[PDB]
Amino acid sequence: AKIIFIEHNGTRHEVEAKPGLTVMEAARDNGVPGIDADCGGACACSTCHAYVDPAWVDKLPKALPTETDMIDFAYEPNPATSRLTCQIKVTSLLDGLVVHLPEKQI
Ligand code: FES
């Protein structure tokens with residue numbers, strides 16, 4: 001599945017990710033800048049935060065309380081598009097998924 005990461009400045013990064021990996025791993029293992037992922041996908045750091053493109057928000061699983069509580073700590077969270085990428089599992093249906101990276105991670 002192809003996953004597209006776009007930095008806050010418009011720089012586009014494309015990666016191919018096997019179903020089963022998380023979007024965070026897809027970015028981390030392929031050298032995409034803008035994602036720190038300090039806690040390693042344990043949903044406890046909010047440094048894997050990204051804005052899902054509106055065209056894809058409804059195609060993703062609903063966020064769990066534990067995730068939303070963490071997003072509150074993220075840098076400039078967006079109520080409609082913000083997600084923790086380590087909580088998004090890649091599947092063939094997400095082929096073409098577009099994710100916008102924030103200016104900074106906290
Ligand atoms: S990598 Fe820490 S919450 Fe996603």
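Along the chain as shown, residues are numbered 1 onward.
The backbone N, Cα and C atoms fix where each Cβ goes, and this holds for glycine too.
Feature annotations, courtesy of Swiss-Prot:
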DOMAIN    1-105  domain '2Fe-2S ferredoxin-type'
BINDING   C39, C45, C48, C86  [2Fe-2S] cluster binding site
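Of the listed binding-site residues, namely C45, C86, the sparsest Cβ surroundings within 10 Å are found at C45. Mapped onto DSSP classes, the domain '2Fe-2S ferredoxin-type' (1-105) shows 23 helix, 25 strand, 57 coil.
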